[PDB]
Structure formats: structure tokens, C-alpha cells
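Colleague: From first to last, the protein sequence lines are chains A and B.
For the first sequence, PDB author numbering begins at 19 and goes up steadily by one.
For the second sequence, PDB author numbering begins at 333 and goes up steadily by one.
From the three backbone atoms N, C-alpha and C, an ideal C-beta is built for every residue, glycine too.
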Amino acid sequence: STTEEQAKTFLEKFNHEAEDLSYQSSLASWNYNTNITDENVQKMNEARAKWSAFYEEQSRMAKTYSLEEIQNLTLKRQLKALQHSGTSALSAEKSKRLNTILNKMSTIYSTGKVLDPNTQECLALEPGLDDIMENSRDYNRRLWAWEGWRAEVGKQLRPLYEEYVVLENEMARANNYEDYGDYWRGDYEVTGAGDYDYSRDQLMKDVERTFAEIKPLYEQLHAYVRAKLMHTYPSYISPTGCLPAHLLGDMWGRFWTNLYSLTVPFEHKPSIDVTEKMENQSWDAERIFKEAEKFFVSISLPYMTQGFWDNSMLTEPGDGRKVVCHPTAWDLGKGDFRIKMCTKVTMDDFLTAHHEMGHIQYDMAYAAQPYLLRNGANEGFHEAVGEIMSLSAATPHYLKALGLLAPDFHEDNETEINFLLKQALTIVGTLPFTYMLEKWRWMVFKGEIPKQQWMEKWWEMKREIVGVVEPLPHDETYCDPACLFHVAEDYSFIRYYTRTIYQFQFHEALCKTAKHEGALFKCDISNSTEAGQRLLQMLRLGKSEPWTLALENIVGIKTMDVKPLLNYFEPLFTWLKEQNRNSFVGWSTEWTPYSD
Amino acid sequence: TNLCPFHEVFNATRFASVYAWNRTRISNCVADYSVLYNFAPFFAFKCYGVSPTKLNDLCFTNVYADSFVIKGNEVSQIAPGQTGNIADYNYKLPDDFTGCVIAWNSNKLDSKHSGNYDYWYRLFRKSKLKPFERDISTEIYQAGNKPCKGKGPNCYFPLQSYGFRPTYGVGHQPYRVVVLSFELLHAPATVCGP
Ligand SMILES: *[C@@H]1O[C@H](CO)[C@@H](O)[C@H](O)[C@H]1NC(C)=O
Ligand SMILES: *[C@@H]1O[C@H](CO)[C@@H](O)[C@H](O)[C@H]1NC(C)=O
Ligand SMILES: *[C@@H]1O[C@H](CO)[C@@H](O)[C@H](O)[C@H]1NC(C)=O
Ligand SMILES: *[C@@H]1O[C@H](CO)[C@@H](O)[C@H](O)[C@H]1NC(C)=O
Ligand SMILES: *[C@@H]1O[C@H](CO)[C@@H](O)[C@H](O)[C@H]1NC(C)=O
Ligand SMILES: *[C@@H]1O[C@H](CO)[C@@H](O)[C@H](O)[C@H]1NC(C)=O
Ligand SMILES: [Cl-]
Ligand SMILES: [Zn+2]
Numbered sequence: 019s020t021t022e023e024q025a026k027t028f029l030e031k032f033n034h035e036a037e038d039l040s041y042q043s044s045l046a047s048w049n050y051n052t053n054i055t056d057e058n059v060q061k062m063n064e065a066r067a068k069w070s071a072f073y074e075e076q077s078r079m080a081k082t083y084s085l086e087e088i089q090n091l092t093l094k095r096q097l098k099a100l101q102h103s104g105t106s107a108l109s110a111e112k113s114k115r116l117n118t119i120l121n122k123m124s125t126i127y128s129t130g131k132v133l134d135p136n137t138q139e140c141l142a143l144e145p146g147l148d149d150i151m152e153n154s155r156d157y158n159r160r161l162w163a164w165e166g167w168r169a170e171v172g173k174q175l176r177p178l179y180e181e182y183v184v185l186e187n188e189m190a191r192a193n194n195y196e197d198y199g200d201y202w203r204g205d206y207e208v209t210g211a212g213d214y215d216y217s218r219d220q221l222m223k224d225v226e227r228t229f230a231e232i233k234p235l236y237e238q239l240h241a242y243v244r245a246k247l248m249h250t251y252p253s254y255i256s257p258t259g260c261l262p263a264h265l266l267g268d269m270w271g272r273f274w275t276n277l278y279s280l281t282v283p284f285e286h287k288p289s290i291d292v293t294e295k296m297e298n299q300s301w302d303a304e305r306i307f308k309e310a311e312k313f314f315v316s317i318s319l320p321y322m323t324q325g326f327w328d329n330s331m332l333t334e335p336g337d338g339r340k341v342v343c344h345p346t347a348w349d350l351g352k353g354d355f356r357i358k359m360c361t362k363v364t365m366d367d368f369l370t371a372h373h374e375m376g377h378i379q380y381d382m383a384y385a386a387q388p389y390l391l392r393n394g395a396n397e398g399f400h401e402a403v404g405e406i407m408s409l410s411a412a413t414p415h416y417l418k419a420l421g422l423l424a425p426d427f428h429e430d431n432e433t434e435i436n437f438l439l440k441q442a443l444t445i446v447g448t449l450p451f452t453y454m455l456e457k458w459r460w461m462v463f464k465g466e467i468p469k470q471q472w473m474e475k476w477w478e479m480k481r482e483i484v485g486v487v488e489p490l491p492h493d494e495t496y497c498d499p500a501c502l503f504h505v506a507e508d509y510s511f512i513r514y515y516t517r518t519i520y521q522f523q524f525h526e527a528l529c530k531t532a533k534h535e536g537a538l539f540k541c542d543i544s545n546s547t548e549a550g551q552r553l554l555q556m557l558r559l560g561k562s563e564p565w566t567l568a569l570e571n572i573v574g575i576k577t578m579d580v581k582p583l584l585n586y587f588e589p590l591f592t593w594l595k596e597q598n599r600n601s602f603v604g605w606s607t608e609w610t611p612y613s614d
Numbered sequence: 333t334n335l336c337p338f339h340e341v342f343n344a345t346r347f348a349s350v351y352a353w354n355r356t357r358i359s360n361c362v363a364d365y366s367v368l369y370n371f372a373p374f375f376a377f378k379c380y381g382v383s384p385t386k387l388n389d390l391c392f393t394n395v396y397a398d399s400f401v402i403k404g405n406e407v408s409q410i411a412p413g414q415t416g417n418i419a420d421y422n423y424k425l426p427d428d429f430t431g432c433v434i435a436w437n438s439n440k441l442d443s444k445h446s447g448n449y450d451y452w453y454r455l456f457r458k459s460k461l462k463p464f465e466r467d468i469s470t471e472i473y474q475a476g477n478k479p480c481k482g483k484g485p486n487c488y489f490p491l492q493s494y495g496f497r498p499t500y501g502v503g504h505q506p507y508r509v510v511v512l513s514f515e516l517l518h519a520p521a522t523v524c525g526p
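#1: At the 8 Å Cβ level, is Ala-348 of chain B part of the contact set with chain A, yes or no?
#2: Does DSSP put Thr-228 of chain A in a helix, a strand or coil?
#3: Could you check whether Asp-200 of chain A and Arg-218 of chain A sit closer than 8 Å to each other, using their CB atoms as the reference points?
#4: Label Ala-527 of chain A either buried or exposed according to how many other C-beta atoms from any shown protein chain fall within 10 Å of its C-beta, with 16 as the threshold for buried.
#5: Got a sec: does ligand 1 put a non-hydrogen atom nearer than 7 Å to the Cβ of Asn-51 of chain A?
#6: Indicate whether at least one CB of chain A lies closer than 8 Å to the CB of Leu-425 of chain B.
#7: Taking just the CA atoms, how far does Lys-403 of chain B sit from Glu-374 of chain A?
#8: Give the C-beta separation of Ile-54 of chain A and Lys-340 of chain A to the nearest angstrom, bearing in mind that I take them to be a contact with Cβ-Cβ under 8 Å.
#9: Should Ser-84 of chain A be flagged as near chain B, meaning a C-beta pair shorter than 8 Å?
#10: Please classify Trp-48 of chain A: does DSSP put it in a helix, a strand, or coil?
#11: Using DSSP's beta-bridge definition, name the partner residues of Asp-398 of chain B.
#12: Within its chain, find whatever has a CB closer than 6 Å to the CB of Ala-500 of chain A; leave out the 5 residues flanking it on each side and keep chain order.
#13: Report back the beta-carbon spacing between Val-367 of chain B and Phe-338 of chain B to the nearest angstrom; my notes put them in contact at under 8 Å.
#14: Between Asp-354 of chain A and chain B, is any beta-carbon pair separated by less than 8 Å?
#15: Mapping DSSP to helix, strand and coil, what is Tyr-586 of chain A?
#16: Are the CB atoms of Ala-163 of chain A and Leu-143 of chain A within a distance shorter than 8 Å?
#17: In the DSSP output, which residue or residues are listed as bridge partners for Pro-262 of chain A?
#18: Please decide whether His-34 of chain A counts as near chain B, where near means a Cβ-Cβ distance under 8 Å.
#19: So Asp-427 of chain B packs on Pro-412 of chain B, CB below 8 Å; how close in whole Å?
#20: Within a Cβ cutoff of 7 Å, which residues of the same chain sit near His-504 of chain A, ignoring the five residues on either side of it in sequence?
#21: Among A:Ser-544, A:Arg-78 and A:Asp-614, whose alpha-carbon lies nearest the alpha-carbon of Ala-99 of chain A?
#22: Cβ-heavy atom distance between residue 628 of chain A and ligand 1 below 7 Å?
#23: Can you check whether the C-beta of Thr-499 of chain B is within less than 8 Å of a C-beta belonging to chain A?
#24: Distance cutoff 8 Å, beta carbons only. Does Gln-409 of chain B sit that close to anything in chain A?
#25: Quick check: what's the CA-CA separation for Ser-562 of chain A versus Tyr-384 of chain A?
#26: Is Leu-335 of chain B buried or exposed, if buried means 16 or more other CB atoms sit within 10 Å of its CB?
#27: Could you tell me which of A:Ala-36, A:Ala-25 and A:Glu-30 sits nearest to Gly-351 of chain A, measuring between CA atoms?
#28: By Cβ distance, which residues of its chain are closer than 8 Å to residue 548 of chain B, with the 5 residues on each side in sequence left out?
#29: Just by C-beta distance, which residues in the stretch 71-82 of chain A are closer than 8 Å to chain B?
#30: What do you get for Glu-608 of chain A, buried or exposed, if any count of 16 or more other CB atoms within 10 angstroms of its CB means buried?
#31: What's the gap between the Cα of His-400 of chain A and the Cα of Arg-66 of chain A?
#32: To the nearest angstrom, report how far apart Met-479 of chain A and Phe-463 of chain A are at their CA atoms.
#33: Can you say whether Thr-333 of chain B is buried or exposed, counting buried as having 16 or more other CB atoms within 10 angstroms of its CB?
#34: Whole angstroms are fine: how far does the CA of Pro-582 of chain A sit from the CA of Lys-483 of chain B?
#35: Going by DSSP, what residue range makes up the beta strand (DSSP E) through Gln-492 of chain B?
#36: Please report how far the alpha carbon of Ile-126 of chain A lies from the alpha carbon of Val-171 of chain A, in whole angstroms.
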């Protein structure tokens with residue numbers, strides 16, 4: 019007679035029918051991932067159409083349930099997830115305009131080709147630009163290429179982005195959000211939980227506090243970046259001014275991983291390389307995944323069920339059938355989980371295998387929970403839980419223990435220095451850029467900046483925060499940062515930040531439970547089943563109760579903190595603070611490479 | 333020495349789901365129990381009122397075998413004094429039940445690529461069940477105080493579908509569960525063991 023029971027019954031249904039439809043859709047998605055033939059394309063175009071139709075119909079039916087007469091928090095959040103109408107809140111004309119422009123970005127970004135002044139060489143974003151950047155060191159090629167790609171991709175996608183902003187602001191205002199920024203902020207919203215409630219701007223204040231606690235680290239590491247690059251290239255980089263944009267190691271400054279070859283401190287020490295020992299013992303995909311299983315058994319997590327080994331593709335299926343194998347694993351459910359990732363005999367594959375196994379363990383952990391809660395407590399848990407396993411497996415103590423590194427070996431000083439540099443430049447390089455794209459999308463949807471100085475303000479505070487300067491001045495007729503993948507296809511970016519900070523929080527908590535002594539980057543979670551149970555205490559939780567309670571279940575702190583970031587790189591930062599005694603710290607915003 | 337159709341109850345091809353408790357009656361049989369041991373590796377063999385090995389020395393009046401299909405969790409759910417969507421709306425086992433439960437997996441046999449969609453179960457009835465009750469109650473279920481023709485606004489259909497496929501991992505691979513019900517009541521005992 020009361021609305022609570024009616025909502026519970028509707029949830030029962032949504033659970034069962036959504037399970038059936040989603041299993042169908044995701045199984046056919048796997049059929050894509052392996053067999054990309056034209057017919058199966060159709061098959062789950064109809065399957066995804068069916069899944070979307072069921073989702074829309076169920077949401078429309080659920081809209082009759084009021085949230086003011088419901089008390090059970092699980093039911094609260096299930097209903098709230100149901101009631102996010104999204105694009106359906108707008109008119110049909112606006113919805114079709116939105117989705118057709120979405121398709122237009124998809125096509126343009128997937129097909130953006132740049133002709134060199136000799137038009138012979140037709141080149142794309144992938145793998146052409148990736149090769150050009152991460153392989154060549156020439157200034158002129160990098161500048162010409164990236165400037166041309168920007169200058170043509172923007173010219174097509176600028177007014178499209180403007181109308182995206184307009185229509186997304188309209189949609190957010192329709193859904194009782196002040197701005198589309200609040201729409202992306204709504205994921206961390208938790209209400210009705212005493213000592214655990216969190217607003218939309220509280221995370222903004224948290225991130226600003228993280229700036230206040232992190233700045234000197236990134237200013238300082240930027241100082242070495244410019245110093246080493248001017249040692250390599252003296253006439254192109256000022257010693258006090260900011261680093262120019264087209265010298266950050268990758269396509270858009272996101273990762274500084276390719277700066278290794280130019281920024282290795284001691285190039286004569288050998289880096290940790292076990293691949294040779296892979297062909298020494300002739301390791302294979304079955305063996306590497308079995309090693310991952312031995313690892314995850316040593317942390318008391320449950321095994322891989324027979325369906326895993328039986329049905330998932332584990333090595334490339336010859337040349338007759340083409341497979342796109344970006345390391346991925348989605349939730350079929352009912353125990354039926356599976357992975358495709360092309361296994362080569364390397365360490366990057368080992369790290370990605372451990373990452374995907376973290377994914378799988380997390381995904382099975384909440385298998386018993388209902389459908390609307392079978393996800394990470396926030397969007398940033400899954401990838402962080404995946405990556406902590408990779409970081410744990412990356413230490414040489416594990417390699418010695420499993421026999422993949424020669425036991426007659428001792429931790430070498432300048433080699434582990436390079437090792438810390440490896441995991442440093444692959445992480446901290448992403449932080450300011452991800453922060454900063456996210457802040458600009460916040461202010462874009464907020465409307466604090468008008469249409470006519472987007473790029474100007476972008477690049478000026480790019481100079482003052484990240485220390486990045488345009489090597490070509492660009493006017494308001496540009497939309498350069500739109501050229502990235504995720505911005506081009508409407509995903510958030512705090513997922514990367516939450517991943518990055520949460521993974522170090524979890525690693526700190528686990529190594530504290532692991533009773534590991536000494537250097538913290540040498541910590542391993544192995545034969546530590548108490549730590550495994552500690553982790554599982556959060557792993558089983560999913561989305562049922564607020565993510566901060568789950569975070570406390572590992573660390574005991576209701577908010578994200580920078581202390582693992584500071585502590586992880588401490589001896590590293592001592593070495594560097596003793597190294598900057600003869601170099602400038604900080605950057606000047608006035609200098610640009612074409613201001614002579 | 334007339335053997336009892338344990339083979340023909342354990343080797344069928346369409347064991348009716350929980351929603352048709354498919355109960356077979358046992359009388360004038362000899363209860364060979366080596367077939368109850370060698371048949372299939374099994375997954376659940378919890379006995380409550382009868383010892384699982386000191387049972388051949390007993391003679392019973394009647395035995396009732398019910399024959400369903402459930403998922404992994406419901407197999408452990410079937411027990412005296414339990415709660416959930418299968419222990420309260422489709423099949424309820426009395427607290428004073430004395431017997432054994434049998435549950436062994438069947439996928440190759442009952443799942444099917446593309447899938448099964450015949451085993452149908454129930455989710456919402458007006459009230460609670462009584463032990464050993466069949467209720468095929470094809471009655472568009474209602475609530476919301478606007479009883480309706482049904483299948484619509486808060487109008488639900490009692491049954492549901494078991495999406496069964498040959499790749500589901502253990503936890504919901506279609507298990508085949510049959511429950512053996514005895515009674516130790518004074519009567520002409522007809523089912524004796526050798
Ligand atoms: C494999 O690809 C072929 C295309 O020749 C397709 O017919 C078949 O359905 C695919 N199988 C699976 C399991 O996806
Ligand atoms: C709230 O939902 C949970 C999960 O279904 C259930 O265990 C609990 O009894 C519910 N609480 C109330 C008051 O109905
Ligand atoms: C491993 O490499 C090869 C065998 O693949 C051989 O030289 C020897 O067994 C091992 N050691 C070294 C140094 O190569
Ligand atoms: C965990 O214990 C096993 C048991 O022998 C051992 O082989 C392995 O090296 C241990 N791992 C460690 C100590 O990291
Ligand atoms: C680093 O370790 C090496 C061990 O080979 C040692 O000789 C050296 O003194 C240590 N410290 C420095 C600053 O190299
Ligand atoms: C069912 O009967 C057939 C013959 O009718 C037999 O071959 C099969 O083995 C039996 N099933 C089992 C599980 O033994
Ligand atoms: Cl940039
Ligand atoms: Zn991934």
C-alpha cells in the first residue's frame with residue numbers, strides 16, 4: 019500500500035529484466051571484440067537498441083515514484099539512478115540534434131587526417147602521431163604535425179563544441195542542475211548519510227587543497243624537465259620561462275612517459291627488464307595468467323572459475339580474424355567474466371594483466387549485489403583497484419620471490435632511482451593537465467567566461483599553472499584542447515584523478531596492514547591474507563553505501579588526502595631537492611618562443 | 333526386487349522449474365541408494381532428518397521427490413527456515429522436514445547457446461507461503477492499490493524468466509535440484525531397502 023514496497027517490486031523487475039538484456043548486449047559486445055564480421059555488427063545494433071529501449075521504458079515507468087516517500091537508502095539510490103533521464107528530458111528535436119553532433123565528433127576525430135606540405139603522406143592520429151612523437155626527437159616535425167592537426171580539427175569542431183555547451187547547459191538546467199558541471203559532479207553526491215554527506219563544491223575545495231599541498235612538487239619537477247631539455251636543446255627553451263607545449267612527450271602533454279630517454283639521470287645502470295628471462299623459460303599467456311592467479315591467491319582472493327579459461331580469448335587468434343585488443347573486460351555477470359588483451363611476451367603485458375585482474379576481482383566482488391549497484395562505489399575505484407595490483411607486482415621483491423629475477427641479486431641504487439623516475443613521470447605528468455582540463459570544462463559549463471577569450475585565458479593559466487606555453491599564438495578561432503579522446507566523446511576526467519589518489523591511499527593502507535618496513539615503494543602485498551580480507555571488506559561493497567564509508571573501510575578517512583602522494587616519493591624528492599640547489603624553481607608566464 | 337524409477341526421475345529432459353514443483357510419488361519401491369551416490373559429482377547433499385549413510389536400514393511408507401531448476405544461490409537457499417525470493421514465493425520447505433536434498437549441475441544439458449527461457453519463477457505474491465504448496469498462479473500481480481488488468485503501471489506479472497546460457501560461471505549455471513521427502517509415521521511401510 020506504501021510507495022516503498024511498490025518501488026521494491028519495480029526494482030526487482032528492473033534487476034531481472036535488465037540482467038537478461040545486459041547479458042545479451044555485453045555477450046554480443048564480446049562477439050565484436052573478437053569476431054568483427056559485418057553481420058554481428060547488425061546483431062547487437064539491434065541488441066543495443068533493445069537494451070536502450072528497455073532502459074528508457076523502465077525509467078519512464080519509474081518516474082511516477084516520488085523520492086520524498088522512500089526511506090531505505092539502498093532503495094533511495096536505486097530509484098535515484100533510475101530517475102536520471104539524461105537526454106530524454108529535452109525535446110525530441112534537441113535530443114536528435116545532440117546525438118547527431120555526437121556522431122559528427124566521433125566521425126571527425128576517428129577520421130581526422132593531416133596532409134604534409136607534400137600531400138603524398140596521408141597520416142592519422144593513430145598510430146602516426148604516436149610514432150612521430152614517441153620515436154622522433156626533431157623539433158620541426160613535431161611542431162608542424164601537431165600544429166596542423168590542431169588547426170584542422172578545431173576548424174571543424176569549434177562551433178560544434180559551442181552548441182554542445184549551449185545544449186548541455188539547457189539539459190542540466192532541465193534536470194535541476196545549475197550547470198552540466200553539476201551534472202558531472204552528481205556522481206559523488208551522497209545524501210541521507212550522517213557523517214557521510216557531501217555536496218558538489220566540497221570536492222572542489224578538496225581539489226584546491228590538493229593543489230595547495232602539491233604545487234611545489236610539480237613546480238620542482240617541471241624545473242628538472244626544463245633543465246634537462248635545455249641541456250639537450252639549449253637554443254629552443256628558456257631556463258626560467260615555461261616549457262613549450264609541443265615538448266611534453268606525448269600528443270597533448272598528458273603523459274611524460276617518453277621523456278625517459280632524455281631525462282634518465284644515470285643512463286648506464288640497467289633497468290628492470292625480465293622479458294629476456296621470459297624467453298629464457300618460454301612463458302606464455304596461460305602461464306602469465308596463472309602467475310597472476312598465484313599472486314591473487316596469496317592475497318586470499320578467490321580463483322578464476324573454469325568459464326574464464328574456457329571461453330575468454332587469451333592470445334591473438336591468428337590472422338584470419340581481426341581483433342581490436344585494447345586491454346578490456348566488461349561485466350557480463352553471473353560469474354561469467356572474461357578478458358581479451360593481446361598477450362605478447364613482455365612486462366607491459368604483465369602489468370596490464372595484473373591491472374585487468376584487479377578489474378576482474380573487483381567486478382566479481384560485488385556479484386551478489388543488485389544490478390544498479392554492480393559498479394564501483396564511484397567511477398574512480400575500478401581503475402585504481404586494478405592499478406594497485408600492477409604497482410605491487412612491479413617491485414623487484416616479487417620478481418625475486420617468484421623466481422622471475424635471479425635470486426643472487428641485490429636492490430641496486432641508481433637502478434631503483436630510475437625505477438622511481440619510471441613510475442613518477444608516468445603519473446605526475448598526468449595530474450596538472452587532467453586537473454586543468456576538468457577545471458576548464460567546469461568554468462565552460464558555469465559560463466563565467468564568455469565566448470571570445472576561451473583560448474586566451476586557457477593558455478595564460480596554462481602558462482601560470484602547468485608551465486606550458488603555446489609555440490604558436492592562437493586566437494578565439496581555436497578549440498585546441500577538444501582534440502583529446504575523452505573530451506571528444508563526453509567522459510569525465512576526475513576519474514583519472516580519483517584513480518591516482520585513491521590507488522595510493524589503498525596502497526598505503528594495505529602496506530600498513532602488510533606490516534612492511536623500509537622504503538614504501540618496495541612494499542609488496544604477498545602472503546598477507548589479513549590485508550586481503552581488509553581489501554575484500556570494501557571490494558564486496560559496491561555502490562550500496564556511500565563511497566566514503568568504503569574508503570574508510572580501508573584507510574579510515576572519510577576524505578581523500580595527499581599524504582600517500584607525499585610519502586611515496588619522499589626519498590625521490592630528497593634527491594631532487596638536493597639537485598635543484600643550482601637551478602631556478604618556478605616559471606615566468608610572459609615568455610613565449612615567438613616573442614623575440 | 334522391483335527397482336524404483338530413480339533413474340527415470342533423475343534422467344528426464346525437462347525437469348519442471350520451482351514454479352511447478354513437479355512432485356513424483358514413491359511407493360512399492362525398493363530404495364537402491366548407490367545410484368543416489370554414484371550419479372553425478374553433485375554439488376549439494378545436505379541431509380537433515382535422516383543420516384546420509386545410515387538410511388538404507390530404514391523402511392518408509394511414501395517418499396516425495398520434487399524436481400526443479402534453480403541458480404547457484406537458491407541451491408544453498410533451499411533449507412528449513414530460510415528467506416529470499418525462492419524460499420518464500422516459489423518453494424518453501426517445512427521446518428520439521430526430514431530427508432535429503434539433491435543438487436547437481438546441468439549446463440551442457442540445460443543451458444543452451446542463445447539461451448533458455450522456459451524455466452519460469454515467481455517473485456511477488458500477496459502473502460507468505462505454506463510448506464509444500466503449488467501455486468501456479470498466473471495472475472498478473474498488483475499493488476499500488478490500483479489493481480489493474482495488469483502488466484503495466486505497477487502491474488506486474490507473477491512469473492519471470494531464467495535466462496540460461498552455456499557460459500554462465502557457476503554462480504548461476506542452471507543447477508538441477510530434487511528434494512527427497514520422508515515421513516516416520518506409523519503405517520504399513522511399503523518402501524524397504526535390501
Ligand atoms: C566469428 O566470426 C564469424 C565471421 O565469419 C561469425 O559468423 C561468427 O558468428 C563469429 N563467432 C563468434 C563466437 O563471434
Ligand atoms: C532495505 O533494503 C535491504 C536490501 O534489500 C533490506 O535488507 C532491508 O530489510 C530493507 N529495509 C527496510 C526497512 O525495508
Ligand atoms: C637466458 O637467455 C638465454 C636463453 O634464452 C641464455 O643465454 C641463458 O640461458 C640465459 N642467460 C642469458 C644471460 O642470456
Ligand atoms: C609466499 O609464500 C610462498 C610459500 O612458499 C613463497 O614461495 C613465496 O615466495 C612467498 N612470497 C613472498 C614472501 O612474497
Ligand atoms: C648507492 O648504492 C651503491 C651500491 O652500489 C653505493 O655504492 C652508493 O654509495 C650508494 N649511494 C649513492 C649516492 O650512490
Ligand atoms: C540417460 O539415459 C540414457 C539412455 O536412455 C543414457 O545413455 C544416459 O547415460 C542417461 N543419463 C545419465 C546421466 O547417465
Ligand atoms: Cl596542450
Ligand atoms: Zn582498463
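Modeller: Walking through what the data contain:
#1: The residue you call residue 348 of chain B lines up with position 16 of the second sequence. It does not: the Cβ of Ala-348 of chain B has no partner Cβ on chain A nearer than 8 Å.
#2: Mapped onto the first sequence, residue 228 of chain A falls at position 210. Looking at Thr-228 of chain A - three-state DSSP - the assignment turns out to be helix.
#3: Position 200 of the first sequence, counted from the first residue, corresponds to residue 218 of chain A. Position 182 of the first sequence, counted from the first residue, corresponds to residue 200 of chain A. Result yes, Cβ atoms of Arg-218 of chain A and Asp-200 of chain A sit closer than 8 Å.
#4: Along the first sequence, one-based indexing puts residue 527 of chain A at 509. Label assigned to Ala-527 of chain A: buried.
#5: Position 33 of the first sequence, counted from the start, is the residue given in the question as residue 51 of chain A. No; taking the cut-off as 7 Å, the Cβ of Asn-51 of chain A has no heavy atom of ligand 1 nearer than that.
#6: Here residue 425 of chain B corresponds to residue number 93 of the second sequence, with the count starting at 1. By this cut-off, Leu-425 of chain B is not an interface position.
#7: On the first sequence, residue 374 of chain A is found 356 positions in, with the first residue counted as 1. On the second sequence, residue 403 of chain B is found 71 positions in, with the first residue counted as 1. Each residue's alpha carbon lies about 27 Å from the other.
#8: The residue given as residue 54 of chain A occupies position 36 in the first sequence. The residue given as residue 340 of chain A occupies position 322 in the first sequence. Confirmed, Cβ separation roughly 6 Å.
#9: Position 66 of the first sequence, counting from 1, holds the residue named residue 84 of chain A. Not an interface residue.
#10: For this step, residue 48 of chain A is matched to residue 30 along the first sequence. Helix at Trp-48 of chain A.
#11: In the second sequence, counting from the first residue as 1, residue 398 of chain B sits at position 66. DSSP output for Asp-398 of chain B lists B:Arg-355 and B:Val-511 as bridge partner(s).
#12: Taking the first residue of the first sequence as position 1, residue 500 of chain A is located at position 482. Cβ neighbours of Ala-500 of chain A beyond the five flanking positions: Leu-175 and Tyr-179.
#13: For the purposes of this step, residue 367 of chain B is taken as residue 35 along the second sequence, with counting starting at 1. For the purposes of this step, residue 338 of chain B is taken as residue 6 along the second sequence, with counting starting at 1. That pair is a contact at about 5 Å.
#14: Residue mapping note: residue 354 of chain A aligns to position 336 of the first sequence, counting from 1. By this cut-off, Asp-354 of chain A is an interface position.
#15: Here residue 586 of chain A refers to the residue found at position 568 when the first sequence is read from its first residue. Helix.
#16: The sequence position of residue 143 of chain A within the first sequence is 125, counting from 1. The sequence position of residue 163 of chain A within the first sequence is 145, counting from 1. Going by C-beta atoms, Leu-143 of chain A is not nearer than 8 Å to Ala-163 of chain A.
#17: Stepping through the first sequence from its first residue, residue 262 of chain A is reached at position 244. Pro-262 of chain A is bridged to A:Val-487.
#18: Along the first sequence, one-based indexing puts residue 34 of chain A at 16. Judged by the 8 Å Cβ criterion, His-34 of chain A is in contact with chain B.
#19: The residue you call residue 427 of chain B lines up with position 95 of the second sequence. The residue you call residue 412 of chain B lines up with position 80 of the second sequence. The Cβ separation is near 5 Å, so the contact holds.
#20: As a position in the first sequence, residue 504 of chain A is number 486, starting the count at 1. Once the five neighbours on either side are set aside, the close Cβ partners of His-504 of chain A are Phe-511.
#21: Looking up residue 99 of chain A in the first sequence gives position 81. Of the listed residues, the one whose Cα sits closest to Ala-99 of chain A is A:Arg-78.
#22: The question about residue 628 of chain A has no answer here: the residues shown for chain A are numbered 19 through 614.
#23: Walking along the second sequence from the start, residue 499 of chain B turns up at place 167. It does: the Cβ of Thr-499 of chain B has a partner Cβ on chain A nearer than 8 Å.
#24: The residue labelled residue 409 of chain B in the question sits at position 77 within the second sequence. Not one chain A Cβ lies under 8 Å of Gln-409 of chain B.
#25: In the first sequence, the residue the question calls residue 562 of chain A occupies position 544. In the first sequence, the residue the question calls residue 384 of chain A occupies position 366. Distance between the alpha carbons of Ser-562 of chain A and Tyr-384 of chain A: 10 Å.
#26: Within the second sequence, numbered from 1, the residue matching residue 335 of chain B stands at position 3. Under this definition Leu-335 of chain B is an exposed residue.
#27: Within the first sequence, the letter at position 333 stands for residue 351 of chain A. Nearest C-alpha to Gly-351 of chain A: A:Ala-36.
#28: Look at the range of chain B in this structure, 333 to 526, and you will see that residue 548 of chain B is not part of it.
#29: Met-79 and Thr-82
#30: Locating residue 608 of chain A in the first sequence gives position 590, counting from the first residue. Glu-608 of chain A should be labelled exposed.
#31: Taking the first residue of the first sequence as 1, we reach residue 400 of chain A at position 382. Taking the first residue of the first sequence as 1, we reach residue 66 of chain A at position 48. Between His-400 of chain A and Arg-66 of chain A, the C-alpha separation is close to 24 Å.
#32: In the first sequence, residue 479 of chain A corresponds to position 461, counting from 1. In the first sequence, residue 463 of chain A corresponds to position 445, counting from 1. Computed Cα separation, rounded: 18 Å.
#33: By one-based count along the second sequence, residue 333 of chain B stands at place 1. Flag for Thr-333 of chain B reads exposed.
#34: Taking the second sequence and counting its residues from 1, one reaches residue 483 of chain B at position 151. Taking the first sequence and counting its residues from 1, one reaches residue 582 of chain A at position 564. Approximately 54 Å between the Cα atoms of the pair.
#35: If you number the second sequence from 1, residue 492 of chain B lands on position 160. 491-493 is the span of the beta strand (DSSP E), which, as asked, contains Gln-492 of chain B.
#36: Counted from its first residue, the first sequence places residue 126 of chain A at position 108. Counted from its first residue, the first sequence places residue 171 of chain A at position 153. One C-alpha to the other measures close to 8 Å.
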